[PDB]
Amino acid sequence: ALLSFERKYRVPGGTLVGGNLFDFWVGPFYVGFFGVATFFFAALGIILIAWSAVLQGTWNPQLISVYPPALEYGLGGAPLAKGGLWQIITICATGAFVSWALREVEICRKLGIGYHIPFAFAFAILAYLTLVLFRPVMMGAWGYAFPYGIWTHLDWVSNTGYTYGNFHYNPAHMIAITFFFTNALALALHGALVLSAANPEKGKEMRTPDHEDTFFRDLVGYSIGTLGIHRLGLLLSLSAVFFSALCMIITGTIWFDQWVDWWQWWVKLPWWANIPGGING
Amino acid sequence: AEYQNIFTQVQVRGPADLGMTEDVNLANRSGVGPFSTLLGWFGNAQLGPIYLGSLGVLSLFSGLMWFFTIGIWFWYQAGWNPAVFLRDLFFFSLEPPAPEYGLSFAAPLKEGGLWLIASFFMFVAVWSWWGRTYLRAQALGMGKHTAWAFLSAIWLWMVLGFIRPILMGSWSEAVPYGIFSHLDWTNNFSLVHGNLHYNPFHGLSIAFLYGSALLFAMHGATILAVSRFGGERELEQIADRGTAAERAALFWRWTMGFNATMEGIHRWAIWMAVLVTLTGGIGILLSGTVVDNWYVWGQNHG
Amino acid sequence: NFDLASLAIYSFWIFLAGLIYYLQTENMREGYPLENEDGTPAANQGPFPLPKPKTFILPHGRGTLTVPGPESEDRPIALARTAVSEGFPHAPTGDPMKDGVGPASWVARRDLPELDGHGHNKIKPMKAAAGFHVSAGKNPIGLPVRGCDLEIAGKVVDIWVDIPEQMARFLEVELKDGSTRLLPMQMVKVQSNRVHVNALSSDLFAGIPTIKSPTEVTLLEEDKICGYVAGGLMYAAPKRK
Ligand code: BCL
Ligand code: BCL
Ligand code: BCL
Ligand code: BCL
Ligand SMILES: CC[C@H]1c2cc3[nH]c4c(c3C)C(=O)[C@H](C(=O)OC)c4c3nc(cc4[nH]c(cc(n2)[C@@H]1C)c(C(C)=O)c4C)[C@@H](C)[C@@H]3CCC(=O)OC/C=C(\C)CCC[C@H](C)CCC[C@H](C)CCCC(C)C
Ligand SMILES: CC[C@H]1c2cc3[nH]c4c(c3C)C(=O)[C@H](C(=O)OC)c4c3nc(cc4[nH]c(cc(n2)[C@@H]1C)c(C(C)=O)c4C)[C@@H](C)[C@@H]3CCC(=O)OC/C=C(\C)CCC[C@H](C)CCC[C@H](C)CCCC(C)C
Ligand SMILES: COC1=C(OC)C(=O)C(C/C=C(\C)CC/C=C(\C)CC/C=C(\C)CC/C=C(\C)CC/C=C(\C)CC/C=C(\C)CC/C=C(/C)CC/C=C(\C)CC/C=C(/C)CCC=C(C)C)=C(C)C1=O
Ligand SMILES: COC(C)(C)C(=O)C/C=C(\C)CC/C=C(\C)CC/C=C(\C)CCCC/C(C)=C/CC[C@H](C)CC/C=C(\C)CCC=C(C)C
Ligand SMILES: CCCCCCCC/C=C/CCCCCCCC(=O)OC[C@@H](O)COP(=O)(O)O
Ligand SMILES: CCCCCCCC/C=C/CCCCCCCC(=O)OC[C@@H](O)COP(=O)(O)O
Ligand SMILES: CCCCCCCC/C=C\CCCCCCCC(=O)OC[C@H](O)CO
Ligand SMILES: CCCCCCCCCCCC[N+](C)(C)[O-]
Ligand SMILES: CCCCCCCCCCCC[N+](C)(C)[O-]
Ligand SMILES: CCCCCCCCCCCC[N+](C)(C)[O-]
Ligand SMILES: [Fe+3]
């Protein structure tokens with residue numbers, strides 16, 4: 001079944017691999033070579049998680065946890081029950097995620113649109129790879145990666161953070177958080193603004209984009225404009241994820257101490273470190 | 001390299017846009033400001049005009065008084081030494097009254113009284129700004145979505161500084177005014193309440209915060225991807241669906257099996273973001289009033 | 001072992017389910033009900049019902065939009081099914097660029113210009129927009145325009161500007177026969193000595209759909225122009241070297 005306007009877009013072409021061999025849809029879903037690849041990677045990964053659950057002895061999705069190898073395995077392979085399943089599942093996840101991005105690219109090409117969406121998605125993939133690949137490799141062990149379980153991966157976040165004291169003091173983490181908060185602020189404002197113009201007050205014609213500009217100028221003295229706000233949402237969200245990756249790739253690789261110490265610099269500058277009074281005196 | 005419409009290639013400039021009048025009291029609207037070529041590489045170059053008005057002036061005044069009450073406290077914590085002031089700027093903290101003072105307003109000025117005074121000014125500044133977000137929409141005949149979404153943020157701030165301290169019986173429970181101190185407050189809060197990772201409203205709040213970055217990356221990239229068909233002119237695309245809106249929908253229908261409309265994606269957007277602080281405020285309000293230890297509570301409820 | 005926090009979290013999840021239901025139905029105000037590939041109504045519409053109609057009163061005397069409402073493409077669609085079963089591509093029966101199908105598609109939008117909040121045309125050639133000028137970056141006016149075949153299709157003679165957003169939206173390009181066409185700004189690369197257009201080879205510029213008035217462009221025309229140019233990425237790819 002199709003949307004009423006969809007048939008005219010369902011033309012052959014745009015594939016990157018395989019010609020017309022996979023150039024078709026299953027219901028709404030486009031397939032393509034990378035749809036087949038996604039299916040293979042995801043199905044195998046899910047099968048292996050099921051295997052791990054069987055080994056673990058539970059069907060409870062709140063208890064299933066696939067752990068990486070013990071640190072002592074370093075960067076080597078580990079037996080299936082002792083981290084090897086985690087290793088193969090991580091390969092399948094990476095393959096599924098990259099195949100998803102390349103399937104989006106084929107979809108972009110069939111539709112004649114820009115490639116911004118799979119490019120943006122690649123930032124999420126890179127943040128994932130920072131935590132399961134780049135950082136564990138630099139640190140010398142797969143066992144520094146997070147486990148695949150609904151609650152155990154949160155415990156990994158907590159244990160990793162508190163290895164460095166209050167992780168709030170990581171300055172790249174601070175920047176990342178500021179982008180996440182600002183992004184959610186901008187998303188709320190953007191959604192509200194468009195809706196407040198399309199759904200004006202009762203008894204009123206639909207507003208125009210000039211009303212949106214005027215509203216934001218009246219309110220704060222500046223309107224970034226309709227093109228600008230979509231650029232800005234993309235920038236804020238991607239920057240949040242970039243600084244997330246940054247704040248972890250440096251932790252345990254070039255920073256080993258309590259993150260609060262990083263700030264001890266500005267305090268202990270020689271021309272004011274010894275001045276009595278204040279907090280640090 | 002194919003052009004990507006992240007930065008403008010050719011800026012153009014014309015007469016300042018004075019805006020819509022509708023029912024705006026033009027007596028309270030400033031003149032136009034200068035144009036910024038720097039800003040024009042990424043968005044609009046025009047600065048101003050801005051609306052003043054009684055609520056805005058009240059909000060600005062109370063907001064500066066809040067900022068200055070903290071600032072004078074910092075100058076006193078620094079012994080009025082400008083170098084100690086810059087050095088420890090992030091370490092100073094205007095703290096609420098100690099627990100012995102309860103909800104009393106008789107805490108000495110240096111032992112919590114100044115915190116109450118600052119909070120009074122902050123309370124007046126935020127709520128008059130809220131009235132401003134409502135009245136600026138009303139004066140232009142627009143819906144009230146911005147005011148309603150802002151109330152969600154206000155809700156978390158009210159819970160943290162006002163509602164939860166009252167229910168817990170002391171101002172000592174509130175957040176201090178300092179850069180590092182309010183981070184320490186946040187870490188301590190989770191430790192005291194048995195790990196906020198196990199507060200299901202905190203887990204929801206994170207899902208919506210991550211989901212807000214997910215959705216704005218999706219939506220911002222989608223609109224840029226269809227800006228070659230005029231896609232960012234969303235209101236006229238709602239009024240009169242064009243190939244931009246059709247291609248944007250079909251990208252997502254072909255990718256994940258369902259899709260939005262030009263109007264409806266902004267309902268997804270506003271709810272994704274608003275739910276961050278709606279769930280977050282519920283989760284904080286329950287902490288210590290109802291649930292002392294989220295991890296233990298969670299073990300007995302699942 | 002069922003306190004206020006328990007009641008609250010179960011209540012929130014019920015609320016969230018109702019919210020997702022509401023949001024999904026709101027996002028069915030265009031394109032639904034679903035169709036079979038022959039255009040008749042599909043038997044399977046899924047578990048979410050069609051939203052009940054809402055109305056927008058459009059400004060400037062432009063009328064009233066009711067959605068959902070009876071949908072029609074309002075244009076002939078030169079494609080043919082390639083398979084009896086569902087799910088396969090539909091192949092262009094003619095020239096997909098000229099016929100506006102595939103990534104060359106356009107929608108039958110209103111054949112009137114978009115207007116600003118004051119009821120004036122939103123987009124205007126700079127030569128008719130008092131005081132508008134290039135304020136930063138390379139001014140493209142006078143530059144040759146090159147296609148993906150590395151050959152010159154014309155020269156830029158004006159910039160069409162979105163007045164309220166102060167934004168360049170189209171380049172007006174004069175062709176060898178002295179007529180002009182509009183090129184979307186998002187589909188050109190302004191360089192120091194040329195404007196380059198990846199999407200079209202030089203021989204496809206005259207096929208860009210023309211505008212009926214020299215100082216305004218209708219929403220219908222913009223859709224035809226922008227669809228045609230983007231369609232070149234697929235359909236002029238034999239000439240991209
Ligand atoms: C949510 C749980 C915690 C909390 C946890 C964190 C954590 C964890 C982090 C922050 C971070 C920040 N928080 Mg905090 N924060 C809380 C509540 C608040 C409140 C409030 C009214 O309740 C305020 C004003 C702030 C303010 C701030 C900023 C200092 C900073 C970036 C915020 C941001 O992105 O805003 C989005 C908004 C905008 C972009 C609009 C502009 C906002 C302006 C700039 C805020 C100014 C605040 C204050 C007046 C600044 C004084 C600076 C100089 C000392 C003069 N927090 C609660 C108590 N907050 C990050 C940081 O960098 O900390 C150092 C960080 O890592
Ligand atoms: C006690 C714990 C510590 C702490 C320790 C850590 C640690 C440790 C880390 C963070 C990281 C983060 N922290 Mg911190 N953090 C603390 C307190 C906070 C506070 C706060 C208000 O106090 C905030 C707001 C944050 C904020 C953040 C972000 C900046 C960042 C997480 C987002 C991210 O990386 O996305 C990146 C996004 C992803 C990884 C998602 C990738 C998704 C993939 C590509 C696709 C999945 C598809 C899926 C399988 C499909 C399923 C099926 C379909 C749905 C049908 N922290 C405290 C002090 N924080 C993390 C970080 O930066 O990681 C890079 C991190 O590792
Ligand atoms: C990003 C930095 C940290 C991290 C820190 C945290 C913290 C802290 C919290 C979560 C929370 C969650 N995280 Mg985590 N998490 C990380 C990495 C991941 C990855 C990944 C492959 O990289 C995935 C799939 C998840 C998935 C999840 C969900 C179980 C939950 C809600 C996320 C959400 O809505 O996001 C936004 C995305 C969407 C709204 C889209 C839909 C996403 C759905 C919900 C994904 C389902 C995943 C599925 C259950 C497991 C695999 C799929 C099957 C095997 C096919 N996290 C890393 C290690 N995550 C929260 C929670 O409640 O945990 C119990 C929480 O409090
Ligand atoms: C060690 C720290 C603890 C912890 C302690 C807390 C505490 C405590 C809280 C949070 C809260 C939050 N945490 Mg936690 N958190 C931890 C781990 C995490 C991790 C992680 C990767 O592990 C993540 C991603 C998060 C993420 C989050 C967010 C989802 C949520 C805050 C939402 C928001 O927008 O607030 C920011 C938005 C606001 C504060 C609203 C501000 C509105 C006001 C009106 C603004 C006034 C501006 C003022 C006048 C200045 C104006 C300046 C002008 C610009 C000029 N936390 C660990 C386990 N977290 C909050 C929450 O909701 O919890 C349920 C909270 O209170
Ligand atoms: C970079 C900015 C943000 C971003 C952007 C973004 N994400 C995206 C996109 C974009 C632009 C997409 O196009 C794509 C999409 O299609 O969205 C609908 C996607 C997407 N982001 C998703 C999730 C997601 N994004 C996240 C975050 C972010 N996405 C960033 C904040 C998060 C978190 C935790 O914050 C999550 C959970 C999906 C909905 C989707 C990608 C779907 C996909 O890859 O599908 C193919 C794979 C499968 C169907 C299943 C694979 C199964 C594996 C083989 C096994 C499981 C392995 C896994 C590691 C276990 C994890 C256990 C957890 C308990 C930890
Ligand atoms: C839905 C949840 C998200 C959200 C939404 C949201 N916030 C909002 C809104 C919405 C919908 C608004 O409508 C409102 C707004 O107007 O945004 C533009 C607001 C807003 N959210 C703000 C901040 C904010 N929101 C945050 C969070 C979030 N907001 C969530 C993530 C955060 C954090 C901690 O993450 C912050 C800090 C403001 C930008 C604005 C509310 C404005 C307000 O209440 O102002 C009162 C104060 C003043 C008018 C003046 C204060 C003075 C300053 C402290 C500075 C002094 C300046 C100078 C250095 C001079 C000193 C000398 C002088 C004499 C010159
Ligand atoms: C203006 O414009 C805009 C629009 O429009 C006008 C829009 O819309 C949108 C889009 C945004 C929305 C519609 C808003 C809502 C979006 C969110 C809240 C973001 C979060 C979204 C989700 C959580 C949905 C995620 C859904 C996914 C990833 C789809 C895949 C899920 C399934 C198929 C079912 C569950 C999956 C299971 C059980 C495990 C996975 C199974 C596999 C083995 C792999 C599946 C592989 C595929 C689907 C790809 C291949 C396809 C097929 C069929 C392969 C089979 C082929 C063979 C022959 C082998 C935006 C941004 C926009 O700005
Ligand atoms: C050059 O120096 C001068 C003097 C000029 C300065 O001005 C320097 C200024 C500074 C150095 C400013 C420094 C300021 C900060 C560091 C501020 C940082 C603030 C935060 C991090 C805020 C964290 C969260 C605060 C919260 C949650 C506040 C909640 C407020 C309450 C909801 C309000 C409750 C109201 C009360 C208790 C009063 C009761 C009154 C009624 C009317 C009911
Ligand atoms: C006890 C715990 C419950 C929470 C306590 C109160 C918290 C305050 C939060 C308010 C609700 C969150 C914002 C609502 C969603 C965003 C707005 C929206 O989409 O609806 C508004 C819409 O109609 C338009 O308004 P009108 O123009 O007036 O019709
Ligand atoms: C599968 C179904 C499960 C149902 C479970 C029971 C229902 C629980 C309740 C949850 C539903 C909450 C939905 C909130 C929608 C609020 C919409 C709104 O605010 O008004 C309607 C809106 O357009 C008008 O806003 P505008 O047009 O933007 O002015
Ligand atoms: C007197 C001059 C003082 C100038 C001080 C400027 C203060 C910062 C304001 C805006 C930043 C960007 C706001 C981003 C949120 C925008 C919400 C939105 O959708 O805007 C769309 C666009 O503006 C129309 O359609
Ligand atoms: C403009 C001031 C607003 C007053 C509201 C806040 C009251 C706090 C009073 C502080 C207590 C001081 N004193 C003298 C009782 O010790
Ligand atoms: C549109 C106007 C306001 C919308 C209502 C948003 C509040 C709904 C909150 C759900 C309540 C769940 N809980 C935990 C409080 O029980
Ligand atoms: C958890 C957030 C994601 C919400 C998922 C909403 C799913 C709606 C799927 C609608 C199906 C549309 N269809 C194919 C019937 O046309
Ligand atoms: Fe938008």
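Whatever order the structure lists ligands and atoms in, that order sets their numbers, starting from 1. Throughout, a chain's letter reflects where its sequence line sits, starting with A, and its residues are numbered from 1.
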| remark: Distance col, row A:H190:NE2 vs A:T226:OG1, nearest 0.5 angstrom, shows 8.5 Å
| Does ligand 6 have any atom that is closer than 4.0 Å to a heavy atom of B:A273? | yes
| message | I want to know if ligand 9 touches B:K144 in the polar sense, i.e. an N/O pair below 3.5 angstrom. | response | yes
| Sole residue of B:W80, B:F67, B:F92 in ring-ring contact (aromatic ring centres under 6.0 Å, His included) with B:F74 | B:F92
| C:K122 with C:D162: basic N within carboxylate O range, under 4.0 Å | yes
| remark: Closest heavy-atom approach to atom 16 (C) of ligand 9 among B:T279, B:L285, B:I270 is made by B:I270
| said: On a heavy-atom basis, I'd like to know which of B:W271, B:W148, B:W155, B:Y134 is closest to atom 11 (C) of ligand 9. | reply: B:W148
| note | The closest protein heavy-atom partner of atom 12 (C) of ligand 9 is B:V274 CG1, 3.7 Å
| query | Any protein heavy atom sitting closer than 4.0 Å to atom 18 (C) of ligand 6? | reply | yes
| Would a search of protein heavy atoms around atom 25 (O) of ligand 9 find one under 4.0 Å away? | yes
| said: When you measure from atom 29 (O) of ligand 9 to the protein, is at least one non-hydrogen atom found at a distance under 4.0 Å? | reply: no
| query | Are any of the N or O atoms of A:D213 closer than 3.5 Å to those of ligand 11? | reply | no
| remark: To atom 54 (C) of ligand 6, the nearest of B:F121, B:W66, A:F216 on a heavy-atom basis is B:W66
| task | Can you figure out which of B:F67, A:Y222, B:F68 has its heavy atom closest to atom 62 (C) of ligand 6? | result | B:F68
| Within-shell test, A:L193 vs ligand 11, heavy atom, strictly < 4.0 Å | yes
| field | Pairwise distance CD(B:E236) to OG1(A:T208) - rounded to 0.5 angstrom | value | 9.5 Å
| field | Exercise check, heavy-atom protein proximity under 4.0 Å to atom 31 (C) of ligand 6 | value | yes
| message | When you compare ligand 11 with A:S223, is there at least one nitrogen or oxygen pair between them that comes in under 3.5 angstrom? | response | yes
| request: Using a 4.0 Å heavy-atom cut-off, say whether A:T182 meets ligand 6 through its side chain, its backbone, both or neither. | output: neither
| For A:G225, is the nearest heavy atom under 4.0 Å from an atom of ligand 11? | yes
| Does B:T277 have a heavy atom less than 4.0 Å from any atom of ligand 6? | yes
| message | Any protein heavy atom at under 4.0 Å, with atom 59 (C) of ligand 6 as the reference point? | response | no
| Contacting atoms of ligand 9, where contact means under 4.0 angstrom from a heavy atom of B:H145 | 22 (C), 24 (C)
| said: Between the side chains of C:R169 and B:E232, is the shortest nitrogen-to-carboxylate-oxygen separation below 4.0 Å, so that they form an ion pair? | reply: yes
| remark: Restricting to heavy atoms, the pick from B:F150, B:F208, B:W157 nearest atom 14 (C) of ligand 6 would be B:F150
| task | Kindly state if atom 40 (C) of ligand 6 has a protein heavy atom within a strict 4.0 Å cut-off, that is, under 4.0 Å? | result | no
| task | Just say parallel, tilted or perpendicular for the rings of A:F243 and A:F179, cut-offs at 30° and 60°. | result | parallel
| remark: Closest to atom 42 (C) of ligand 6 (heavy atoms only, candidates B:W129, B:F61, B:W271) is B:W129
| message | Can you check which of A:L227, A:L232, A:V220 brings a heavy atom nearest to atom 3 (C) of ligand 11? | response | A:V220
| query | Would you call B:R233 and C:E114 a salt bridge, using N to O less than 4.0 angstrom? | reply | yes
| Nearest-option assignment for atom 46 (C) of ligand 6, heavy atoms, candidates B:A125, B:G280, A:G191 | B:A125
| remark: Short version for B:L278: what comes under 4.0 Å of ligand 9, heavy atoms counted, is side chain
| Which residue from B:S62, B:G63, B:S128, A:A186 reaches closest to atom 50 (C) of ligand 6 through any of its heavy atoms? | B:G63
| Which bit of A:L189 is near ligand 6, meaning a heavy atom under 4.0 Å away: side chain, backbone, both or neither? | side chain
| message | Using a 3.5 Å cut-off on N or O atoms only, is A:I224 in polar contact with ligand 11? | response | yes
